[PDB]
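What follows is a single structure, written as structure tokens, with notes after it.
One-based numbering, in listed order, for ligands and for the atoms of each. Side-chain atoms are counted along with the backbone in the values below, which use heavy atoms only and exclude waters and symmetry mates. Numbers here are sequence positions counted from 1.
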Amino acid sequence: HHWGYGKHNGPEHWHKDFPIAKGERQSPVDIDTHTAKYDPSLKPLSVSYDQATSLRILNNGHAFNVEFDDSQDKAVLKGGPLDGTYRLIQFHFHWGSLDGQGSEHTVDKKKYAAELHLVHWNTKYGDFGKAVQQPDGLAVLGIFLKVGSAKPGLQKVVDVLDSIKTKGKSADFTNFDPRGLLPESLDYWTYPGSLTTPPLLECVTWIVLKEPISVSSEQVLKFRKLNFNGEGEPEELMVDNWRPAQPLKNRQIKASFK
Ligand SMILES: Cc1cc(C)c(S(N)(=O)=O)c(C)c1
Ligand SMILES: OCCN1CCNCC1
Ligand SMILES: [Zn+2]
């Protein structure tokens, strides 16, 4: 009876196994754009993905992960609200059963169709497993997806999904460039938070881009053909794998703009 999103093991149950679910810096949150404080001291975000080395794609039974070789200083996030250098380890998405829901963060209560998370760990802690034990261990770049025109740079991901339909499937996934998933603007909001799935560790500096990317209806329909179940189990479509907004608890969300 492991955690998931389904009828009896979803977000409102997670606190029983992971009491930090009711902690002081949980994610995601609603971003109240009017109460976000412009911080002129924030720097432009530096996203250096030129040398990124994707390796594999994995259906982990919750989402799919596109995984990167993080054994050298390649694909790094720095600047913005960050001290130091954070290395890309994986990205994944959260999405809905319908275009009207799917994102984890909300903007003035608006839900997007989906949300991309590019997960990075602080190089001062040596790898990912040690970084998640620290309050400044991770930096996650969050990008909203709306349904409209296709995102050409997403199509290589969409096309491999049928090879990883079910939980625990993987496929070689080399030479994928995550720069093709980024919007024009790197304007962002930022706040201290957590993983959004168990173990819900309070180790993340969240950086949420204001400008969404557009994906097509056909691209997101393909995400909704994935399965939460393993091969040879009854089909449970992988949809609505998002945690709802959690209490802000007096944390301040800062804006890089306006
Ligand atoms: C391992 C892992 C899993 C997940 C779902 C996340 S998240 N959703 O971006 O907070 C992170 C940071 C790290
Ligand atoms: O054309 C791609 C459709 N696939 C089929 C099964 N897994 C999800 C996406
Ligand atoms: Zn996520």
Side-chain angles (χ1 to χ4, degrees), residues 3-5 11 14 18 20-21 23 25-29 57-68 70 77 86-96 102-105 112 114-122 127-129 131-145 150 154-164 166-168 170-171 181 191-209 215-231 235 237-246:
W3 72 268
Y5 290 101
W14 293 348
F18 302 97
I20 206 180
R25 60 175 278 187
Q26 288 289 292
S27 290
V29 300
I57 191 169
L58 173 67
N59 179 332
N60 73 355
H62 306 293
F64 63 87
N65 299 340
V66 175
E67 291 160 359
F68 285 80
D70 65 347
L77 184 68
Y86 290 70
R87 193 170 290 175
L88 179 67
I89 179 167
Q90 57 104 313
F91 69 78
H92 61 271
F93 300 85
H94 309 259
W95 60 88
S103 65
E104 295 205 307
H105 291 92
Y112 289 83
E115 187 173 331
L116 163 65
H117 289 163
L118 297 127
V119 179
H120 313 71
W121 55 267
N122 195 327
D127 59 6
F128 178 85
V132 296
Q133 297 178 58
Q134 312 293 339
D136 55 352
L138 296 192
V140 183
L141 179 61
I143 301 178
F144 296 119
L145 280 63
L154 181 63
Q155 190 66 28
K156 177 182 177 76
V157 171
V158 166
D159 277 337
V160 83
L161 301 174
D162 81 286
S163 78
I164 62 150
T166 48
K167 174 173 62 179
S170 63
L181 299 176
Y191 74 96
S194 70
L195 309 189
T196 72
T197 61
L200 298 168
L201 300 166
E202 293 180 337
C203 58
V204 183
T205 300
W206 277 94
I207 301 171
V208 180
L209 293 196
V215 302
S216 64
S217 55
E218 296 96 333
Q219 287 182 319
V220 68
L221 282 161
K222 286 182 196 188
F223 283 18
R224 304 181 183 129
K225 288 181 70 182
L226 290 166
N227 278 192
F228 286 129
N229 58 284
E231 182 186 11
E235 180 167 45
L237 294 179
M238 182 182 279
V239 295
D240 293 320
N241 51 3
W242 51 273
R243 186 190 195 188
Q246 298 305 304

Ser194 backbone acceptor or donor facing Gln26 side chain under 3.5 Å
no

Would you say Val204 contacts ligand 1, with heavy atoms under 4.0 Å as the rule?
no

May I ask whether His94 has any heavy atom positioned less than 4.0 angstrom from an atom of ligand 1?
yes

Geometry only, no angles: is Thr197 polar-contacting ligand 1 at N/O separations under 3.5 Å?
no

Walk me through it: do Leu145 and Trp95 pass the test side chain to side chain contact (heavy atoms under 4.5 Å, CB included)?
CA-CA 9 Å; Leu145 280 63; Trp95 60 88; over 6 Å; no

Aromatic ring pairing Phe228/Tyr5, orientation class (parallel under 30°, perpendicular over 60°, tilted between):
parallel

Contact between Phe91 and ligand 1, counting heavy atoms under 4.0 Å?
no

Can a non-hydrogen atom of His92 be found less than 4.0 Å from any atom of ligand 1?
yes

Could you check whether any side-chain N or O of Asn59 sits under 3.5 Å from a backbone N or O of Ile164, counting only pairs where one atom can act as donor and the other as acceptor?
yes

Short side-chain to backbone donor-acceptor contact, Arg243 and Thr196, under 3.5 Å
no

Test side-chain contact (heavy atoms from CB on, under 4.5 Å) applied to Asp136 - qualifying residues, sequence neighbours left out:
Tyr86, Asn122, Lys124, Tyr125, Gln134

How would you list, by chain and number, every residue that makes a ring pair (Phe, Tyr, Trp, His ring centres under 6.0 Å) with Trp242, sequence neighbours excluded?
none

Within less than 2.8 Å, report the number of protein N/O/S atoms around the Zn ion (ligand 3).
3

Tell me the contacting part of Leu195 for ligand 1: side chain, backbone, both, or neither, using a 4.0 Å heavy-atom threshold, strictly below.
both

Under a 4.0 angstrom heavy-atom cut-off, which atoms of ligand 1 come close to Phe128?
1 (C)

Can you sort out the partners of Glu67 under salt bridge (charged side-chain N to carboxylate O under 4.0 Å, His left out), two or more places apart, ordered by chain and number?
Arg56

Quick one: which ligand 1 atoms are inside 4.0 Å of a heavy atom on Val140?
9 (O), 12 (C)

When distances are taken from atom 10 (O) of ligand 1, the protein heavy atom at minimum range is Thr196 N, 3.0 Å

So which bit of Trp121 gets within less than 4.0 Å of ligand 1, heavy atoms only: side chain, backbone, both or neither?
neither

Would a 4.5 Å heavy-atom cut-off, applied to side chains only, mark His120 and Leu141 as touching?
yes

For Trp206, the ligand 1 atoms with a heavy-atom partner under 4.0 Å come out as 9 (O), 10 (O)

Which residue owns the protein heavy atom closest to atom 2 (C) of ligand 1, what's the atom, and how far is it?
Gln90 NE2, 4.1 Å

Tell me, do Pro135 and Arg25 make a side-chain contact under 4.5 Å, heavy atoms counted?
yes

Within the 4.0 Å heavy-atom cut-off, what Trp242 brings close to ligand 1 is neither

The test is side chain to side chain contact (heavy atoms under 4.5 Å, CB included); show your working for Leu154 and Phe93 and say whether it passes.
CA-CA 12 Å; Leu154 181 63; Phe93 300 85; 3.7 Å; yes

Candidate pair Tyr191 and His105, rule ring-ring contact (aromatic ring centres under 6.0 Å, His included), full reasoning
CA-CA 12 Å; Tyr191 74 96; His105 291 92; 5.6 Å; yes

